[PDB]
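> Let me begin by handing over the structure; questions about it come next.
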Amino acid sequence: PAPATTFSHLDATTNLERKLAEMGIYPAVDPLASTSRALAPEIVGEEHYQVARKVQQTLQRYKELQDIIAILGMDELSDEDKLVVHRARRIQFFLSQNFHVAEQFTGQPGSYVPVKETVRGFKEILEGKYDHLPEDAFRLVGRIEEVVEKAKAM
Amino acid sequence: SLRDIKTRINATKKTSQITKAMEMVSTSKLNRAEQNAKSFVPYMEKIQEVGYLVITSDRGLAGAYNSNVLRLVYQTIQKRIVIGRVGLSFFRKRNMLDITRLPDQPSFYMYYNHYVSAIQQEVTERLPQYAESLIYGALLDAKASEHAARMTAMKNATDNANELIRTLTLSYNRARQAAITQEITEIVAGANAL
Amino acid sequence: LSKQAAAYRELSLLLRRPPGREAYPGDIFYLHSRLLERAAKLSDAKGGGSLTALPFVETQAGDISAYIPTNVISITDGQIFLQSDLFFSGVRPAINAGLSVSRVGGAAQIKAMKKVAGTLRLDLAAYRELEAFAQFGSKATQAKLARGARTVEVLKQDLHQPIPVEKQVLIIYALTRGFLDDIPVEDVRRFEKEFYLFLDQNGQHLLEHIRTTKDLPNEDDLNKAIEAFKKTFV
Amino acid sequence: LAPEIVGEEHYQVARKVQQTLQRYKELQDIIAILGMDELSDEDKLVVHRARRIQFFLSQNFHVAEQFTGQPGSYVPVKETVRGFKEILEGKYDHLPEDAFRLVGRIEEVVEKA
């Protein structure tokens, strides 16, 4: 009842799932249940809506396929279905960010990104430019330009 | 946790539906594969009238088709060429050509799962035209027995799901009833106190 | 409307009325009904008016078996449940054809709709149960799958573009007759609108006939607009 | 439905209906994906009899008149056993199955066919 009563007044809510806390991909914001009044064409524009909707829909689609994988196996599913996982893993990993106030817990100074680079980077990750970079390279990075460096580091 | 059993209920339901789908596609493909093999039988019969090989299924959920042949071939050789990726994996473990991923119903000693349609699979042990005819007949028999074994695997797999759902659903109603009873008991105790 | 209960809880608990199942006092059935029974189609002895109502109910993560939802289900002549995990699949508003039925339905329609909705169900009711498991295995069954995919694509709508009834029946007739399944899956959302723009420049006579007589026009003449469009679609 | 209540023959005829409808109820899944003609004689006879037990269920009623004009018919209880016993033996297998629709006596079924 307390969250149910609180949910009626917010204009934008971001939810945190302890599963994401245990996965080691911070912050723990779950994209599925996070919604806002700003996602309208007259406020964010058309360059925002299509990419956000595609990423949201892909992350919703992966949720049940990953559970099917837990029993049916890993190659019994078709290759086209496996591509959904192959790209959703990268999409979810790239959501992590190296913060500036977490320097005590991370030991790192962080990085900075503007919104233009965020929409731009998601467009590239859906474009297929980064299929061959390892997933673990996307953990706790900021601007997309850092990723190719971390792979260079590896 | 009631949410745990709820999520398990949905997951088991959807996995069982997927296994039922696997069952019906396997049944249809098995009928068509058996028809193909039967149509091929007369040509082997007429053409026949006029190192060890082991073959396995190409991916999982095949049941006991894979073990029963690899074990017997291995034993019969250490006592005194492989087709299939799990067959190559069985030699990646331990130590011992790798034609793989040929299309289903493929076109043109030996140890193989011999052909019968209903349930069972027999482990069996056995000039260019002669060799081609025997290897092709053997491979067709094995490919039919593979779909038969897959049919059986799905038919066994699709059953225990329903029992598991019914027992979790019963646990779900009992958890409900216990929760409501505890809640009302606390509420009425508070009301009586105040 | 569920917020009613909350207020009714608060005062009733402060007034020291005896609790109930989840502190809801048993008067809920009375309290709702004393309102919800007032909607009616009156007779000529008092007046030929009519009234309709759309109550709303809150639900926690789709637990339809809860107290208030099952309480309110009994009164109404139907149900439209909105399902959240489908809300992100693309269909909006998230109305599911499985859980929602109307007992009064089948009579309150223009006769143009009644002549066609049966085939729409003969595709959709099969798709909405078969797709979840039959989609993986790649003539009649795959044709059913593809047709159902195009139907569930064509039922979508963009944000706040209401359509008059006549264009609805025109597009439903276009879909069901089998003339629509050549447009590919992603372009359907464009097609359903460019048909709307085409019809006006083709003619108003069909639209006038449906407006006056509330009945499907001559099929031999109805098909001509579809035929002429398909010759020019891009 | 116990032999002490209904007699031996009516019990047998009532139970064997459920016994024989199960074959159709289970085989409908494989029938839905593959054709019938390639199956065994048992599946054929099961389909052949089940398509008539399936359609014999119907019966026109007296209230049906105001939307489908029919006189309305009745099934005698003593005659029901004779009728179902005769169908389940295959004495009426030669009649067209959909002709078995919406009527309450086998003799009228014979007349209609």
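Quick note on naming: the chains in the structure tokens go A, B, ... in the order shown, residues restart at 1 in each chain, and ligands are numbered from 1 in order of appearance.
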Would you list which chain D residues are within 12 Å of chain C using only C-alpha atoms, as number ranges by chain?

D: 32-34

> Can you tell me, as a ChimeraX atom specification, what residues are no more than 12 Å from segment 59-65 of chain D when counting only C-alpha atoms, ignoring any on the same chain fewer than 6 positions away?

/D:71-75,99-106,108-109

> Taking C-alpha atoms for each residue, export the selection above as a JSON list (two decimals), in the first residue's frame.


```json
[["chain", "number", "residue", "atom", "x", "y", "z"],
["D", 71, "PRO", "CA", -41.79, -28.58, -34.70],
["D", 72, "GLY", "CA", -39.69, -29.72, -31.73],
["D", 73, "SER", "CA", -38.94, -33.35, -30.87],
["D", 74, "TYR", "CA", -38.40, -35.64, -27.88],
["D", 75, "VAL", "CA", -36.14, -38.60, -27.08],
["D", 99, "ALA", "CA", -27.57, -35.49, -41.42],
["D", 100, "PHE", "CA", -27.48, -36.50, -37.74],
["D", 101, "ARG", "CA", -27.84, -32.82, -36.76],
["D", 102, "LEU", "CA", -30.56, -31.38, -34.47],
["D", 103, "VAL", "CA", -33.18, -34.07, -34.01],
["D", 104, "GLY", "CA", -34.43, -36.26, -31.16],
["D", 105, "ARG", "CA", -35.13, -39.71, -32.63],
["D", 106, "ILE", "CA", -33.16, -42.20, -34.71],
["D", 108, "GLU", "CA", -36.50, -39.44, -37.88],
["D", 109, "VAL", "CA", -32.75, -39.51, -38.56]]
```

> Within 9 Å of residue 16 of chain B, counting only C-alpha atoms, which residues qualify if same-chain residues fewer than 6 places away don't, as a PyMOL selection string?

chain B and resi 157-159+161-162

> If we count only C-alpha atoms, which residues of chain C reach to within 9 Å of chain A? Please list them as a VMD selection string.

chain C and resid 60 85 88 to 90 136

> Could you give me, as CSV, every chain A residue with an atom at most 10 Å from chain B, plus its closest atom pair and distance in Å to one decimal, counting only C-alpha atoms, rows ordered by chain then number?


```
residue,atom,partner,partner_atom,distance
A:64,CA,B:11,CA,8.6
A:67,CA,B:11,CA,7.2
A:68,CA,B:15,CA,6.4
A:69,CA,B:15,CA,9.5
A:70,CA,B:15,CA,9.6
A:71,CA,B:15,CA,7.4
A:72,CA,B:15,CA,7.5
A:73,CA,B:60,CA,7.4
A:74,CA,B:60,CA,9.1
A:75,CA,B:59,CA,7.3
A:76,CA,B:59,CA,6.9
```

> Can you spit out the residues from that selection as a JSON list (two decimals), in the first residue's frame, using N, CA, C and O atoms?


```
[["chain", "number", "residue", "atom", "x", "y", "z"],
["A", 64, "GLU", "N", 11.93, -12.94, -21.73],
["A", 64, "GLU", "CA", 11.37, -14.29, -21.72],
["A", 64, "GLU", "C", 12.26, -15.30, -22.44],
["A", 64, "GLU", "O", 12.29, -16.47, -22.05],
["A", 67, "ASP", "N", 14.83, -16.63, -20.10],
["A", 67, "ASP", "CA", 14.28, -17.63, -19.19],
["A", 67, "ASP", "C", 14.06, -18.96, -19.89],
["A", 67, "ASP", "O", 14.26, -20.02, -19.28],
["A", 68, "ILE", "N", 13.65, -18.93, -21.16],
["A", 68, "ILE", "CA", 13.52, -20.17, -21.93],
["A", 68, "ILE", "C", 14.88, -20.84, -22.07],
["A", 68, "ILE", "O", 14.99, -22.07, -22.00],
["A", 69, "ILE", "N", 15.94, -20.04, -22.24],
["A", 69, "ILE", "CA", 17.30, -20.58, -22.36],
["A", 69, "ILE", "C", 17.68, -21.42, -21.15],
["A", 69, "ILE", "O", 18.41, -22.40, -21.27],
["A", 70, "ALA", "N", 17.16, -21.06, -19.97],
["A", 70, "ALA", "CA", 17.55, -21.75, -18.74],
["A", 70, "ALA", "C", 17.20, -23.23, -18.74],
["A", 70, "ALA", "O", 17.79, -23.99, -17.97],
["A", 71, "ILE", "N", 16.26, -23.66, -19.59],
["A", 71, "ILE", "CA", 15.83, -25.05, -19.66],
["A", 71, "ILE", "C", 16.06, -25.64, -21.05],
["A", 71, "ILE", "O", 16.60, -26.74, -21.19],
["A", 72, "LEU", "N", 15.65, -24.91, -22.09],
["A", 72, "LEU", "CA", 15.69, -25.47, -23.44],
["A", 72, "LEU", "C", 17.11, -25.62, -23.97],
["A", 72, "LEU", "O", 17.31, -26.35, -24.94],
["A", 73, "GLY", "N", 18.08, -24.95, -23.36],
["A", 73, "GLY", "CA", 19.46, -25.05, -23.82],
["A", 73, "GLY", "C", 20.00, -23.74, -24.35],
["A", 73, "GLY", "O", 19.55, -22.66, -23.94],
["A", 74, "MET", "N", 20.97, -23.81, -25.26],
["A", 74, "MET", "CA", 21.59, -22.62, -25.82],
["A", 74, "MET", "C", 21.70, -22.63, -27.34],
["A", 74, "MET", "O", 21.92, -21.56, -27.92],
["A", 75, "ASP", "N", 21.55, -23.78, -27.99],
["A", 75, "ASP", "CA", 21.56, -23.85, -29.45],
["A", 75, "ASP", "C", 20.29, -24.47, -30.01],
["A", 75, "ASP", "O", 20.12, -24.48, -31.24],
["A", 76, "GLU", "N", 19.40, -24.99, -29.17],
["A", 76, "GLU", "CA", 18.11, -25.47, -29.66],
["A", 76, "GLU", "C", 17.26, -24.31, -30.16],
["A", 76, "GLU", "O", 16.47, -24.49, -31.09]]
```
